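Residue numbers (the authors' numbering): 108 to 285, 309 to 349.
Cβ coordinates follow ideal geometry from the N, Cα and C atoms, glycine included.
Remarks on the structure that follows.
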Amino acid sequence: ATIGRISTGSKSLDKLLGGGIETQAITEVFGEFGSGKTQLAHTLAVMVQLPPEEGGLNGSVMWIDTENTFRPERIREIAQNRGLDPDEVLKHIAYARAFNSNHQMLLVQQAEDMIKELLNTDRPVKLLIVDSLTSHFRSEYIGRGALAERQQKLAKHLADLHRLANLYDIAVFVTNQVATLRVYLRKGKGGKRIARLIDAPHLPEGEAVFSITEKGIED
Ligand SMILES: Nc1cc2ccccc2cc1C(=O)O
């Protein structure tokens with residue numbers, strides 16, 4: 108289908124990204140604790156539920172959590188501050204906690220069941236979040252003798268995510284620490323945050339400054 112764009116809530120960040128995050132693509136956001144990557148994930152889980160006129164895609168969300176960072180109270184707060192019903196917004200976020208890298212991989216495969224069920228409805232899955240992509244892979248595969256299998260397993264996981272994104276017109280959004311759009315977050319001045327786009331093949335490298343508010347991400 109046509110490439111849909113989900114607003115991040117920030118006009119500055121959306122301009123940097125070419126209008127927002129894309130369906131049929133993996134957007135990978137990097138940053139240290141406090142850089143705003145989890146705030147962006149929570150904001151996008153709300154924004155995607157809005158109609159296109161308001162920066163969303165009238166969509167449902169699937170969220171894979173590798174380390175206990177999903178906060179339903181933060182969704183409710185962002186939803187209510189954006190004029191949405193907080194309970195309805197939460198009902199349209201399917202949640203899974205992944206306990207290890209094998210289970211994380213299995214969940215991406217299992218997500219296809221619900222994606223297929225909602226595909227021709229009024230609320231198709233339009234956003235699949237994996238927070239935080241490599242935490243289990245880094246913990247489970249230590250050192251020299253483990254790199255080949257860690258890379259093999261991560262490549263398969265990413266291929267599985269790209270397949271769902273392309274086949275079902277979903278924006279895949281992943282968070283991490285240091309063929310996919312890579313955005314680097316950092317602390318800016320006066321409690322603001324900065325996003326830097328690096329090595330995008332068809333978007334200029336640039337920076338966007340944004341704030342974290344009761345609405346989640348905004349300028
Ligand atoms: N069966 C499921 C699989 C998932 C896979 C990825 C993200 C969320 C998911 C939620 C469920 C659920 O039963 O609520």
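Which residues share a DSSP beta bridge with residue i?
| i | result |
| --- | --- |
| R112 | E129 |
| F137 | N283 and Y314 |
| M169 | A201 and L235 |
| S341 | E348 |
| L327 | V313 and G336 |
| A278 | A132 and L234 |
Can you tell me which of the options puts its alpha carbon nearest to the alpha carbon of residue i?
| i | options | result |
| --- | --- | --- |
| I133 | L235, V339 and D220 | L235 |
| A205 | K319, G346 and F244 | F244 |
| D238 | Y248, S167, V215 and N227 | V215 |
| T176 | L151, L164, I222 and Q146 | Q146 |
| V281 | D329, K317 and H264 | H264 |
So does residue i have its beta carbon nearer than 7 Å to some heavy atom of ligand 2?
| i | result |
| --- | --- |
| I171 | What this structure holds is ligand 1, not ligand 2. |
Ligand 1 and residue i: does any heavy atom of the ligand fall closer than 7 Å to the residue's C-beta?
| i | result |
| --- | --- |
| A272 | no |
| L225 | no |
| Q217 | yes |
| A203 | yes |
| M221 | yes |
| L214 | yes |
Thinking residue i and residue j are a contact (beta carbons under 8 Å), I'd like their distance in whole angstroms, please.
| i | j | result |
| --- | --- | --- |
| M169 | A218 | 5 Å |
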